[PDB]
Amino acid sequence: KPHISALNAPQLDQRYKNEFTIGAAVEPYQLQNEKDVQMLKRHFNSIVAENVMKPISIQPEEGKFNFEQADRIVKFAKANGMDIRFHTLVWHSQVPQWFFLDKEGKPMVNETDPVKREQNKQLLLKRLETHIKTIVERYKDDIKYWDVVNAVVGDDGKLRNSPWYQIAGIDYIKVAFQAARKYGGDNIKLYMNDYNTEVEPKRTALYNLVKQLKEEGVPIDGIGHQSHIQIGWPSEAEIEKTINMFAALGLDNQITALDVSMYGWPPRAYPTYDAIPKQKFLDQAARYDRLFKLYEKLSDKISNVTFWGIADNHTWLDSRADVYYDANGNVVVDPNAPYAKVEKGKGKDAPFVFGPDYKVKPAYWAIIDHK
Ligand SMILES: [Cl-]
Ligand SMILES: [Cl-]
Ligand SMILES: [Zn+2]
Ligand SMILES: [Zn+2]
Ligand SMILES: [Zn+2]
Ligand SMILES: [Zn+2]
Ligand SMILES: [Zn+2]
Ligand SMILES: [Zn+2]
Ligand SMILES: [Zn+2]
């Protein structure tokens, strides 16, 4: 099982073509990198924007729509027969602040008068509607899958108390889905996307929320499991229990941002790829082996498995890879060991089945086989 160039290795999407599509998250600049273009053409049949389709990238100022970057990803996908997932219509992260300012330019979260709070809610929902409308009216014939809302359940099992929720209550979620369905029609598929979907109390809160919304006729077709996981956690048994319970509600499941970190939480990362011991890649390959065997076992309930990146030279996990140093200046990776300082976001994670030099990893062989 050689570390051969991925560029000519057996195609990952083809291995799984009857089980679910295989996707990658990208930045438009990658569509200008020969290696990345050949990787997308060779191994993937589904794509998503790491960042350029988020709210702040699309409408940074009210009335100013920037579709130029998103368009590049849509054109490439269409020219290569790839499905597209839209990430994401609504999120509390880096949301353009203008959405949440009242007519006088003051934060709506601050309004204490009940009648002005009601007016802000209505103004906010109107803005939400127009953002969704403009985007879905442009892409309804091109993008099949949609993360309508992202991370709306808090890790405490209560609804995340973002400005969307403080200002508009639960209706912002119902409004977002109804608007996507109204302007995109019945053929686009609508998802509620979140991370740590396997973890209690968040899992049961998500389940109850979607069950309720569907009972009320809110159009929700599936759940997106970001799946930012570790080599050990969460267990395959809990992933399975999660996929199954949402599937029992009549919902499709898509793995939307998979990455298998080499670290725990908080991560104590190595400073370079070179420093990661070979054994960690073997541990990761066994995790990937078990994980995809499970996705295959549940393939009639999962329509897509998308990795949050292409190869290990580029992954958002690096922004979380903190490097701890002892007083002698040696790197510390044991979570319980002494350390003197930490360099936040300066280390290197290695989450995919393709290495930084675009050669296949042991995890690739573990999932391209049939054992
Ligand atoms: Cl990134
Ligand atoms: Cl390497
Ligand atoms: Zn293909
Ligand atoms: Zn190096
Ligand atoms: Zn290297
Ligand atoms: Zn295998
Ligand atoms: Zn499937
Ligand atoms: Zn990136
Ligand atoms: Zn290599």
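Residues numbered from 1 in each chain as written, not as in the entry; some residues may be left out. Chains lettered and ligands numbered in written order. Heavy atoms only, no water. Residues with missing side-chain atoms left out of burial classes, pairs and counts.

Method of determination, as annotated in the archive: X-ray crystallography, at 1.80 Å resolution.

Some details on the sheet that holds strand β10 (residues 323-325)
Across the sheet, three strands lie side by side as β11-β10-β12; this open sheet has antiparallel pairing. Looking at the sheet topology across the chains shown, the edges are occupied by β11 (331-332) and β12 (341-343). (Pairing = 2+ DSSP bridges. Helix = DSSP H or I, 4+ residues; strand = E, 2+ residues; numbered from the N terminus.)

A look at the coordination of the zinc ion (ligand 7)
Around the zinc ion (ligand 7), the donor atoms from the protein are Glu19 (O), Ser299 (O) and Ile302 (O), and they sit 2.2 to 2.4 Å away. Mapped onto the sequence, the donors of the zinc ion (ligand 7) take the spacing E-x279-S-x2-I. Both residues of the pair, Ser299 and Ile302, belong to the buried class. (Donors = N, O, S within 2.8 Å, 3.2 Å for Na, K, Ca; no water. Buried < 20%, exposed > 50% of the residue type's maximum accessible area, 1.4 Å probe, protein only.)

Quick word on the pattern of salt bridges
Close approach of charged atoms allows side chains with opposite charge to pair. The final tally for this structure, using the stated rule, is 21 salt bridges. Across the pair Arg138 and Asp71 runs a salt bridge whose closest N-O atoms are separated by 2.7 Å. On the criterion of sequence distance, the pair formed by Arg138 in helix α5 (residues 114-139) and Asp71 in helix α4 (residues 68-79) is long-range, its members being 67 residues apart. Classification of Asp71 by relative accessible area gives partly exposed; the value is 24%. (Salt bridge = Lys/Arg side-chain N within 4 Å of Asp/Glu carboxyl O.)

Notes on the side chain of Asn304
Here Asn304 lies in strand β9 (residues 302-307). By relative accessible area, which is 1% here, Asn304 ends up buried. For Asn304, the side chain forms a polar contact with the side chain of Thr21, separated by 2.8 Å. Side-chain polar atoms of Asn304 contact the side chain of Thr306, separated by 2.6 Å. (Polar contact = N/O pair within 3.5 Å; in protein donor to acceptor, adjacent residues only side chain to side chain.)

Notes on the packing of aromatic side chains
All chains considered together, the criterion is met by 24 aromatic pairs. Their ring planes at 55° and their centres at 5.4 Å tell us that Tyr16 and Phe292 sit as a pair that is tilted. Placement of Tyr16 in the loop between α1 (12-15) and β1 (21-26) and of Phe292 in helix α10 (residues 278-297) is noted, with a sequence separation of 276 residues between them. For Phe292, a relative accessible area of 1% gives the class buried. Taken together through their ring pairs, the aromatic side chains of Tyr16, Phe20, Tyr288, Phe292, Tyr295 and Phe307 make up a single cluster. (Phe/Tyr/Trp six-rings, centres within 6.5 Å; stacked < 30°, edge-to-face > 60°.)

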